[PDB]
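**Q** Structure file target28.txt (compact mmCIF, C-alpha atoms and all ligand atoms) is given on the next line.
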```txt
# COMPACT_ATOMS: atom_id res chain seq x y z
CA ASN P 701 -5.56 71.57 372.64
CA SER P 702 -5.03 68.47 374.78
CA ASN P 703 -2.17 65.96 374.25
CA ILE P 704 -4.26 62.86 375.22
CA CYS P 705 -7.40 61.22 373.80
CA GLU P 706 -10.49 62.42 375.64
CA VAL P 707 -11.89 58.84 375.51
CA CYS P 708 -9.00 56.46 376.33
CA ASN P 709 -6.64 59.03 378.00
CA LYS P 710 -3.57 58.08 375.93
CA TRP P 711 -1.33 60.04 373.60
CA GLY P 712 -0.83 58.87 369.97
CA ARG P 713 -2.14 60.08 366.58
CA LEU P 714 -4.73 62.60 367.76
CA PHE P 715 -7.24 64.80 365.89
CA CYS P 716 -7.91 68.06 367.65
CA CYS P 717 -11.23 69.80 367.89
CA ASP P 718 -11.46 73.36 366.49
CA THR P 719 -14.20 74.62 368.81
CA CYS P 720 -12.89 73.11 372.10
CA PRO P 721 -9.59 71.82 373.45
CA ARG P 722 -10.44 68.05 373.23
CA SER P 723 -8.57 65.56 371.09
CA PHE P 724 -9.30 62.04 369.93
CA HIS P 725 -7.82 59.05 368.27
CA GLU P 726 -9.61 58.33 365.01
CA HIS P 727 -11.73 55.35 366.14
CA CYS P 728 -12.16 56.60 369.75
CA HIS P 729 -14.34 59.44 368.51
CA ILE P 730 -17.91 58.41 367.58
CA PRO P 731 -18.56 58.72 364.74
CA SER P 732 -14.97 58.01 363.56
CA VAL P 733 -13.15 61.23 362.80
CA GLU P 734 -14.22 62.80 359.46
CA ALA P 735 -11.89 62.70 356.36
CA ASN P 736 -11.61 66.48 355.87
CA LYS P 737 -13.94 69.22 357.34
CA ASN P 738 -12.00 72.39 358.31
CA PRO P 739 -12.91 73.55 360.83
CA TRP P 740 -13.88 70.28 362.62
CA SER P 741 -16.18 70.12 365.66
CA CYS P 742 -16.20 67.10 367.97
CA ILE P 743 -19.26 65.31 369.33
CA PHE P 744 -19.13 67.26 372.59
CA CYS P 745 -19.32 70.53 370.62
CA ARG P 746 -22.07 69.27 368.33
CA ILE P 747 -24.13 68.22 371.40
CA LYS P 748 -23.62 71.63 373.05
CA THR P 749 -24.99 73.32 369.91
CA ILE P 750 -28.21 71.23 369.89
CA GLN P 751 -28.90 72.28 373.52
CA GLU P 752 -28.12 75.97 372.82
CA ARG P 753 -30.32 76.09 369.73
CA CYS P 754 -33.32 74.65 371.71
CA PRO P 755 -32.97 75.59 375.47
CA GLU P 756 -36.35 73.93 376.38
CA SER P 757 -34.97 70.53 375.20
CA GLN P 758 -33.37 70.49 378.71
CA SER P 759 -36.80 70.36 380.37
CA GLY P 760 -37.81 67.00 381.88
CA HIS P 761 -38.93 64.11 379.71
CA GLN P 762 -40.53 60.75 380.34
CA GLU P 763 -38.22 57.78 379.55
CA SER P 764 -41.11 56.14 377.66
CA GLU P 765 -41.45 59.09 375.29
CA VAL P 766 -37.67 59.27 374.67
CA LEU P 767 -37.44 55.52 373.80
CA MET P 768 -40.20 55.83 371.12
CA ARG P 769 -38.41 58.58 369.28
CA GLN P 770 -37.24 57.86 365.80
CA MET P 771 -33.53 57.85 365.08
CA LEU P 772 -33.51 61.19 363.20
CA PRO P 773 -30.06 62.90 362.98
CA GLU P 774 -30.17 64.59 366.37
CA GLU P 775 -31.24 61.40 368.27
CA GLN P 776 -28.67 59.40 366.31
CA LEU P 777 -26.02 61.91 367.60
CA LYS P 778 -27.16 61.71 371.20
CA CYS P 779 -27.02 57.89 371.05
CA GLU P 780 -23.50 58.18 369.55
CA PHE P 781 -22.51 60.47 372.38
CA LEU P 782 -24.04 58.26 375.04
CA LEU P 783 -22.03 55.34 373.63
CA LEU P 784 -18.89 57.46 373.67
CA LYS P 785 -19.53 58.35 377.32
CA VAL P 786 -19.40 54.61 378.23
CA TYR P 787 -16.15 54.04 376.31
CA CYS P 788 -14.69 57.02 378.34
CA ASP P 789 -14.69 54.84 381.44
CA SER P 790 -11.75 52.46 381.52
CA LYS P 791 -13.93 49.63 382.75
CA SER P 792 -15.65 49.64 379.35
CA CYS P 793 -12.76 47.39 378.20
CA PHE P 794 -14.60 44.40 379.77
CA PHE P 795 -17.63 45.02 377.46
CA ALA P 796 -15.93 46.18 374.27
CA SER P 797 -15.26 43.00 372.37
CA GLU P 798 -17.18 39.85 371.73
CA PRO P 799 -17.36 37.74 374.89
CA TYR P 800 -17.27 33.96 375.38
CA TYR P 801 -18.86 31.85 378.02
CA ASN P 802 -17.34 28.75 379.61
CA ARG P 803 -17.91 28.75 383.35
CA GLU P 804 -18.73 25.76 385.52
CA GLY P 805 -22.35 26.11 386.62
CA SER P 806 -23.37 28.82 384.15
CA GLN P 807 -24.80 28.89 380.64
CA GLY P 808 -24.05 31.62 378.11
CA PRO P 809 -26.78 34.20 377.29
CA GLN P 810 -29.25 33.58 374.47
CA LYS P 811 -28.35 37.00 372.97
CA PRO P 812 -24.76 38.07 373.40
CA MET P 813 -24.02 41.76 372.99
CA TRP P 814 -20.97 43.99 373.28
CA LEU P 815 -19.97 47.68 372.81
CA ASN P 816 -18.25 47.26 369.44
CA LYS P 817 -21.30 45.52 368.04
CA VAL P 818 -23.55 48.41 369.13
CA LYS P 819 -20.96 50.83 367.63
CA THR P 820 -21.21 49.00 364.31
CA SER P 821 -25.05 48.89 364.56
CA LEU P 822 -25.20 52.70 365.06
CA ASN P 823 -22.71 53.15 362.26
CA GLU P 824 -24.79 51.09 359.86
CA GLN P 825 -28.07 52.81 360.93
CA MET P 826 -29.62 49.53 362.15
CA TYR P 827 -31.69 51.13 364.89
CA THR P 828 -34.93 52.92 363.82
CA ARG P 829 -35.75 54.13 367.35
CA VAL P 830 -33.84 55.11 370.51
CA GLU P 831 -35.34 52.02 372.15
CA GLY P 832 -33.31 49.60 369.95
CA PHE P 833 -30.08 51.26 371.04
CA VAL P 834 -31.00 51.45 374.73
CA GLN P 835 -32.17 47.80 374.75
CA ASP P 836 -28.85 46.50 373.34
CA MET P 837 -26.92 48.71 375.83
CA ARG P 838 -28.90 47.32 378.82
CA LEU P 839 -28.65 43.80 377.47
CA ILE P 840 -24.86 44.02 377.77
CA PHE P 841 -25.02 44.60 381.49
CA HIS P 842 -27.95 42.25 382.02
CA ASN P 843 -26.09 39.41 380.26
CA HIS P 844 -23.04 40.01 382.48
CA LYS P 845 -25.10 39.87 385.71
CA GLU P 846 -26.85 36.63 384.84
CA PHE P 847 -23.65 34.84 383.82
CA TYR P 848 -21.29 35.81 386.65
CA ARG P 849 -23.90 35.26 389.34
CA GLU P 850 -22.37 35.54 392.84
CA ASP P 851 -18.81 36.04 391.55
CA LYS P 852 -17.75 39.56 392.61
CA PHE P 853 -16.91 40.31 388.93
CA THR P 854 -20.65 41.03 388.47
CA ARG P 855 -19.86 44.36 390.10
CA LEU P 856 -18.15 45.48 386.87
CA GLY P 857 -21.54 45.19 385.14
CA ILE P 858 -23.35 47.22 387.81
CA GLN P 859 -20.72 49.92 387.69
CA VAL P 860 -20.60 50.48 383.94
CA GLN P 861 -24.40 50.26 383.75
CA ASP P 862 -24.53 53.11 386.29
CA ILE P 863 -22.33 55.25 384.02
CA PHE P 864 -24.63 54.39 381.11
CA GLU P 865 -27.80 55.22 383.05
CA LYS P 866 -26.54 58.52 384.52
CA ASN P 867 -25.46 59.77 381.08
CA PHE P 868 -28.74 58.57 379.55
CA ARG P 869 -30.73 60.73 382.01
CA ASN P 870 -28.43 63.73 381.33
CA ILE P 871 -28.24 63.57 377.53
CA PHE P 872 -31.95 62.99 377.06
CA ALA P 873 -33.02 65.25 379.97
CA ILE P 874 -35.12 62.62 381.77
CA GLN P 875 -37.40 64.10 384.47
CA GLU P 876 -35.68 63.92 387.86
CA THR P 877 -37.65 61.95 390.56
CA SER P 878 -37.35 60.60 394.20
ZN ZN R 1 -8.37 57.11 372.34
ZN ZN R 2 -15.01 70.08 370.59
ZN ZN R 3 -36.29 76.25 368.61
```
Mind converting the file's structure to structure tokens?
Ligand SMILES: [Zn+2]
Ligand SMILES: [Zn+2]
Ligand SMILES: [Zn+2]
**A**
Amino acid sequence: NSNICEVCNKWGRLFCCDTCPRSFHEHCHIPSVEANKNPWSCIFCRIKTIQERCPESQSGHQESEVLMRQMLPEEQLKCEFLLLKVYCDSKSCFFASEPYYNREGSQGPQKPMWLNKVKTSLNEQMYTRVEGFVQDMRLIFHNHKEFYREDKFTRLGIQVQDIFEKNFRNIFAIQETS
């Protein structure tokens, strides 16, 4: 197994996966690492298995169809994974915790959002469809863009959104286009 967290790339108190070499801190894994379960499989492994069990799930889908899906166990897991994929980028630190807004010539967003809030929402099963999750994720980056305006810091929003969007298209096998 690995000696650093797959998500945050640090050593510490790690829990090792039984079916692959990855390792995680307890609250870096999504969901948080389970109390017992021997063997244990991580979220990467559990996603692999869904794809192997249904090979045609990798065929192209329309975004619109994927968003209307109900949050049944397998879509809940893919959303969890997609969220984990964003936390794997170090720049996620700017979007993790609750923001505040006091900049000359800007107003705060009507609906603030951050990664840890979406984590808690997924944890508490507050989304009934994929759409609710995706909307809150996009809202994070949209809020950033509108607030920081021409300040070059807006680039951080574009960049982490791109990681979100790429992984969205991969996990949910969105039809490739030109
Ligand atoms: Zn970690
Ligand atoms: Zn694994
Ligand atoms: Zn099948």
**Q** Can you work out which residues are within 9 Å of ligand ZN 2 (chain R), considering only C-alpha atoms and all ligand atoms, and then hand them over as an MDAnalysis selection string?
**A** chainID P and resid 716:723 740:746
**Q** Give me the residues near residue 807 of chain P as a PyMOL selection string, where near means some atom within 10 Å (using only C-alpha atoms) and where sequence neighbours in that chain fewer than 3 positions away do not count.
**A** chain P and resi 801-804+810+846-848
**Q** Sorted by chain and rising residue number, which residues of chain P lie within 12 Å of ligand ZN 1 (chain R), and what are their closest atom pairs and distances in Å to one decimal, counting only C-alpha atoms and all ligand atoms, as a Markdown table?
**A**
```
| residue | atom | partner | partner_atom | distance |
| --- | --- | --- | --- | --- |
| P:703 | CA | R:ZN1 | ZN | 11.0 |
| P:704 | CA | R:ZN1 | ZN | 7.6 |
| P:705 | CA | R:ZN1 | ZN | 4.5 |
| P:706 | CA | R:ZN1 | ZN | 6.6 |
| P:707 | CA | R:ZN1 | ZN | 5.0 |
| P:708 | CA | R:ZN1 | ZN | 4.1 |
| P:709 | CA | R:ZN1 | ZN | 6.2 |
| P:710 | CA | R:ZN1 | ZN | 6.1 |
| P:711 | CA | R:ZN1 | ZN | 7.7 |
| P:712 | CA | R:ZN1 | ZN | 8.1 |
| P:713 | CA | R:ZN1 | ZN | 9.0 |
| P:714 | CA | R:ZN1 | ZN | 8.0 |
| P:715 | CA | R:ZN1 | ZN | 10.1 |
| P:716 | CA | R:ZN1 | ZN | 11.9 |
| P:722 | CA | R:ZN1 | ZN | 11.2 |
| P:723 | CA | R:ZN1 | ZN | 8.5 |
| P:724 | CA | R:ZN1 | ZN | 5.6 |
| P:725 | CA | R:ZN1 | ZN | 4.5 |
| P:726 | CA | R:ZN1 | ZN | 7.5 |
| P:727 | CA | R:ZN1 | ZN | 7.3 |
| P:728 | CA | R:ZN1 | ZN | 4.6 |
| P:729 | CA | R:ZN1 | ZN | 7.5 |
| P:730 | CA | R:ZN1 | ZN | 10.7 |
| P:732 | CA | R:ZN1 | ZN | 11.0 |
| P:733 | CA | R:ZN1 | ZN | 11.4 |
| P:784 | CA | R:ZN1 | ZN | 10.6 |
| P:787 | CA | R:ZN1 | ZN | 9.3 |
| P:788 | CA | R:ZN1 | ZN | 8.7 |
| P:789 | CA | R:ZN1 | ZN | 11.3 |
| P:790 | CA | R:ZN1 | ZN | 10.8 |
```
**Q** Give me, as a ChimeraX atom specification, the set of residues whose atoms come within 8 Å of any atom of ligand ZN 3 (chain R), counting all atoms listed in the file.
**A** /P:753-755
**Q** Can you tell me which residues surround residue 782 of chain P at a distance of at most 9 Å, considering all atoms listed in the file, apart from same-chain residues fewer than 6 positions away, and format the answer as a ChimeraX atom specification?
**A** /P:864,867-868,871
**Q** Identify which of the residues P:800, P:827, P:872, P:814 lies closest to residue 839 of chain P, counting only C-alpha atoms when measuring atom-to-atom distances.
**A**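 Looking only at the distances to residue 839 of chain P, the closest residue turns out to be P:814.
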**Q** When you draw a straight line from atom CA of residue 774 of chain P to atom CA of residue 792 of chain P, how long is it in Å?
**A**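 Going from atom CA of residue 774 of chain P over to atom CA of residue 792 of chain P, I get 24.6 Å.
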**Q** Between atom CA of residue 845 of chain P and atom CA of residue 771 of chain P, what is the spacing in Å?
**A**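 Distance between the two atoms: 28.6 Å.
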**Q** Between atom CA of residue 764 of chain P and atom CA of residue 794 of chain P, what is the spacing in Å?
**A** 29.1 Å
**Q** May I have the residues within 9 Å of segment 819-821 of chain P as a PDB file with C-alpha atoms, in the coordinates of the input, using all atoms listed in the file and disregarding those fewer than 2 positions away in the same chain?
**A**
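part_7.pdb, written as the output of this step:
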```pdb
ATOM      1  CA  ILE P 730     -17.910  58.410 367.580  1.00  0.00           C
ATOM      2  CA  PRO P 731     -18.560  58.720 364.740  1.00  0.00           C
ATOM      3  CA  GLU P 780     -23.500  58.180 369.550  1.00  0.00           C
ATOM      4  CA  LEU P 783     -22.030  55.340 373.630  1.00  0.00           C
ATOM      5  CA  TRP P 814     -20.970  43.990 373.280  1.00  0.00           C
ATOM      6  CA  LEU P 815     -19.970  47.680 372.810  1.00  0.00           C
ATOM      7  CA  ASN P 816     -18.250  47.260 369.440  1.00  0.00           C
ATOM      8  CA  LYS P 817     -21.300  45.520 368.040  1.00  0.00           C
ATOM      9  CA  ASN P 823     -22.710  53.150 362.260  1.00  0.00           C
ATOM     10  CA  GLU P 824     -24.790  51.090 359.860  1.00  0.00           C
ATOM     11  CA  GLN P 825     -28.070  52.810 360.930  1.00  0.00           C
ATOM     12  CA  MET P 826     -29.620  49.530 362.150  1.00  0.00           C
ATOM     13  CA  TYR P 827     -31.690  51.130 364.890  1.00  0.00           C
ATOM     14  CA  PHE P 833     -30.080  51.260 371.040  1.00  0.00           C
TER      15      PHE P 833
END
```
**Q** May I have the residues within 12 Å of residue 859 of chain P as a VMD selection string, using only C-alpha atoms and disregarding those fewer than 3 positions away in the same chain?
**A** chain P and resid 786 789 to 792 794 to 795 841 to 842 844 to 845 852 to 856 862 to 866
**Q** When distances are computed from all atoms listed in the file, which of P:851, P:769, P:762, P:781 shows the smallest separation from residue 877 of chain P?
**A**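 Closest candidate: P:762.
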**Q** Using all atoms listed in the file for the distances, tell me which of P:878, P:818, P:702, P:799 is nearest to residue 843 of chain P.
**A**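 Closest to residue 843 of chain P of all the choices is P:799.
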